[PDB]
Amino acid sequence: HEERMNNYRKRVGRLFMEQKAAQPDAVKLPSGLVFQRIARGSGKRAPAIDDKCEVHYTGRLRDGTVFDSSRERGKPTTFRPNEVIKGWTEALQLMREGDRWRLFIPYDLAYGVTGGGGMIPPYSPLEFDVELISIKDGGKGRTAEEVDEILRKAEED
């Protein structure tokens, strides 16, 4: 039965997202995306919705299983914010070159009710660590001023 598995997946996944939101340096955005800043980069602009980004990353289920990783391919993968899941679209448009964040994405901002491919079941929250290596022809989105105001409103809740 997938319905019994989904009821379980819904409860423990909620607990997982509740745990990381309680971690000390974790930031919680109104959408539900929770992240932790690992490294602070020297970039000045964030990528726009259609900018190409050079990214090193690793994705984990909340039980520890890694389902994908760009380091075993060795070189960085190219993505656009308008090509990825919602949690990745929101995070990328707030990160500058050199930043390293750990993302905790609830299922409704990831692959949702259907799931993602083979190794990501329905109602699954996702854990990513993400490094933004560079942005093609420079970021054309948020400046450092726009980003800090979004974090300032977040920590104000």
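Residue positions are given as counts along the sequence shown, with the first one as 1.
Relative to one another, 128-136 and 66-74 have unequal mean CA B-factors, and 66-74 is the one with the higher figure. Higher mean CA temperature factor between 44-52 and 110-118: 110-118, per the PDB entry. Ranked within its chain, residue 28 lands in the middle third, by CA B factor from the PDB record.
The entry lists a Cα temperature factor for residue 105 that places it in the lowest third of the chain's modelled residues. Per-chain ranking of the deposited C-alpha B factor places residue 123 in the middle third.
Per the PDB record, residue ranking by Cα B-factor puts residue 38 in the lowest third of the chain.
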